[PDB]
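A short write-up of the structure that comes next.
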There are 4 protein chains.
Amino acid sequence: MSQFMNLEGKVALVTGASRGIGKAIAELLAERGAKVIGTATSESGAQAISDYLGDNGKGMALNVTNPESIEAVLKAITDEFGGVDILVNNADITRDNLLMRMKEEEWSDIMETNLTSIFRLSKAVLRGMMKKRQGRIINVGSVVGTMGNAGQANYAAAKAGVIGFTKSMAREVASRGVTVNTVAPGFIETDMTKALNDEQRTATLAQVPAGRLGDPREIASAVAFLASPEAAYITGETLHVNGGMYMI
Amino acid sequence: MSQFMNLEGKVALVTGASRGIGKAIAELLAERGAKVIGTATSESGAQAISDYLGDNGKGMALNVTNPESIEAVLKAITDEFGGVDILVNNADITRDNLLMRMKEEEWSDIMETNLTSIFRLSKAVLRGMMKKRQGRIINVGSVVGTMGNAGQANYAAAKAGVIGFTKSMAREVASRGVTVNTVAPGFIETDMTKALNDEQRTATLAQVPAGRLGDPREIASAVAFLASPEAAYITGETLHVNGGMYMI
Amino acid sequence: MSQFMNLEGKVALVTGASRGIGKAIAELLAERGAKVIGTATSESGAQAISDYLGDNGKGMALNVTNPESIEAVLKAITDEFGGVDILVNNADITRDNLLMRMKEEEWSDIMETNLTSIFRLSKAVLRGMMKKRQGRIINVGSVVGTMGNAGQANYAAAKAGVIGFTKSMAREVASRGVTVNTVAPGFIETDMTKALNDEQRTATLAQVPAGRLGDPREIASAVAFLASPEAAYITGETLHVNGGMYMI
Amino acid sequence: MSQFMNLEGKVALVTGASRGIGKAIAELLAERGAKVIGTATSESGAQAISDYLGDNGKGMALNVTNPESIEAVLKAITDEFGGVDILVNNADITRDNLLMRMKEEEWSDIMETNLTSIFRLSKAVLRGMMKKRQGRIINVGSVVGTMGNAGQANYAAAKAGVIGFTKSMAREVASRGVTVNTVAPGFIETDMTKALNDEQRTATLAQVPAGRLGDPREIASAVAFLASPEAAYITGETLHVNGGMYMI
């Protein structure tokens, strides 16, 4: 409504927008005036995204580990909406195991889906942003990228790698008005964390000074803040939203 | 006037609100609905703050190194507005010198004004915030607190100390719904930076990937973000707003 | 000679030990009493390593992106020397380019050689170290992993990912007396940096407060320190050796 | 007696060397060939230090919050030994309390003893080091300076401030061959930690992945490493020795 934190005129691509954090992000960006394209791995997922976004955007199937899919999706977005102004890299997976039990495929799937995809998508949207001298790339990371976590050495490596990538990209494109940042959630209430048993939830909560889980809307708010015109002077930064679980 | 980033019902105390970053902070917090009390070291300064805030708040004279002044100001605020919900510690000074030329008084003035004042004011507002299980303390730091800077070892020590204090306070009060954070500006255009000669401005700008100075409004935006209900899960954090001058 | 920083009785595997930092590491570990196996990609390289190590170890050809090679090398080491007590992950490559010019293979080669290899080798040596309740894994990183660098987003991502991996592994194996750490060199004098022209060397040196390049022996000293019994209480740490280029 | 980590020819001043970490530091520096002057607040303390150092140094009474004491001690050192080549700032105190119970004097004593004393002593030794283009200043910090700790906001602020001061000083003096660093111990076994009850020790140990307290000798080793010729390319750094309690 006001000129504050106003994304009217911006086209936002949010990967993994079916539920939880990704859905919260897509919804808030739309609320702040962005035209939003949210993605899912399946066509039915894409249609559910189209359904909740309505006139403020649409859902598309995207395979974030596949070049042709990325090419097809960006072409469709450029044609209907104009080029992507805001990229939110939210799609990620876990393949947890202690290192002695971690399979080669569990390592590689994480590298592919959680790190390499960020290279590929970021590169694919950057040309347009640099031509316009205006852009936002926001990665959805994790506290685990900074703190480490036993049983998630793969996930941690990928998330930490994304921050290395982010800082380097930030340096490359800052003078052309593109910012590149990471939002790092702590323990956030999703269907996945609701699947944990009571002892696991208590143990995890014991490490959160705030004494609760984060809401997906809280991660969305941080992403919407960095996406805004007002955040033009923030780049190469990692915004920690973890209820005090880790303090840098 | 939406429910997004809405500070209606909050009382904000912003120290050093006469100009630059402090004035931008006070103005934006008022724009987002906060009742704002901005402070200056003199009554005439206070009146100029009253003048720009109008119906959305008022100016008061505060000596941040003096307990009696703090007591008097908070009593007057509590009486008219209710207790402080948001404290923005913005008042600071510089006493620059290389260490071999740094005087005892230049060290001690900085410790007093830039560090000890934060202990005192934070302690004075915390009791009310904890009773309400709601509060925000936001320190205006500097990139120098994290990077260090030749010729500002005193300023750097105070800013870095505020972060240590912030993380410890955050741990103490997180479970009672009070967040404590720092915003760390880089090189921001103020009357002071406009006083620098061309060679100094160029040398400084050469270290900023964004290739410009920050605006006081950009610092205000980050403070307003952390002050918001939406930032409830961010505590013990340092939000860097430096155009890529330093990346953590 | 003395009991201080004494590696007698330890078997050290140092990848990429033909020249520069890797050779310096292998030589110093041998000087401090370790039995050292250094690796190269070629048999002639391996023989050169055998030649400089003499009675204090031997050189082996290792392809750090190939499982069978790793398996063969560790079997040979275990047979002759006993199991690896100290792993130094030093072998790395660069594939520099600005992101808009970075090829898929330049990204993937870096992920393979600079990140995935560390997963594979670390996992392959960990079982023996954990059985003994004694071990050291030391990664040779780079300041670029923490700072970022334009034109090296791939290298930065890998190095940063190694630190995420390191912290997670540290958490997993700390209680069993294995430490996992990274040494992060700045600008070090090697044949590669000697290949740079005068303007590039000057520009790079301008960002080093120390006003010189680091020596490979300085990186070796830091690695030897973390490898020592005396460094048993350091884990999940990144030791920066960069002449003040970046300060964390 | 090798050329490795050899401090022969260096004069080291170690403040608070009566017991624990300070005594371990003084003893190891002497073992590595340094002429060591260890300090205590009393003459009897000084004599006990003289007693353990024997021919390798001596004890002196120093009041670290008093300029005249500092002047007298450095004059006596310069006269007998030559100017200080290595300063280890180890003397510190605690004045623990939750912020709502923290007295003005408990804040100010900590600032004086744990922060301002570091400014004063560092400044007093720097001139000689810079003239020689050789020097080491090593601060004994704490994990609390980086992590924060409830009930130690004053201690945390001082330790964090020392790091800010350290980075700034490092930038000022790096090109003249003086390094300035911090060693940050975690939970170390001292008489003080042995005074804690079982529940406190268990709760603290639960946050240490290594599953034990650190030894004072482990802190000494890290200080000796940074004091060495081999650590000439490490400046503005914080070396964490905390058994994985915090990972940066």
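Residue numbers in this text run from 1 along the chain shown.
We read in the header that X-ray crystallography, 1.8 Å was used to get this structure.
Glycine too: its Cβ is placed from the backbone N, Cα and C atoms.
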Among C:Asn89, C:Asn90, C:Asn139 - the residue Swiss-Prot places in the same NADP(+) site as C:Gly16, C:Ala17, C:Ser18, C:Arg19, C:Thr41, C:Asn63, C:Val64, C:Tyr155, C:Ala156, C:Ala157, C:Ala158, C:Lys159, C:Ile188: C:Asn90
Residue pair C:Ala157 (NADP(+) binding site), C:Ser142 (substrate binding site) - Cα distance, angstrom, rounded: 11
For NADP(+), whose listed binding residues are C:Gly16, C:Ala17, C:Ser18, C:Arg19, C:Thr41, C:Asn63, C:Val64, C:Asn90, C:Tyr155, C:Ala156, C:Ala157, C:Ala158, C:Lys159, C:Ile188, the greatest C-alpha pairwise distance in Å: 25
Entry from the binding-site residues list C:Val64, C:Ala157 having the most other CB atoms no farther than 10 A: C:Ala157
Cα distance (Å, whole number) from C:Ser142 (substrate binding site) to C:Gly16 (NADP(+) binding site): 15
From C:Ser18, C:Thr41, C:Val64, C:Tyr155, C:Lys159: binding-site residues whose CA lies within 10 A of C:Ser142 (substrate binding site): C:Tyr155, C:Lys159
DSSP-derived helix, strand and coil totals, residue by residue, for the expression tag (C:1-4): 0 helix, 0 strand, 4 coil
Of C:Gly16, C:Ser18, C:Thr41, C:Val64, C:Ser142, C:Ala157, chain A-adjacent binding-site residues (C-beta under 8 angstroms): C:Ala157
Fewest other C-beta atoms within 10 angstroms, as judged across C:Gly16, C:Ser18, which are the binding-site residues: C:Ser18
C:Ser142, C:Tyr155, C:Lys159 as binding-site residues, winner by CB count within 10 A: C:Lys159
Neighbourhood of C:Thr41 (NADP(+) binding site), C-beta criterion under 8 angstroms, separation at least six: C:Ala61, C:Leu62, C:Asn63
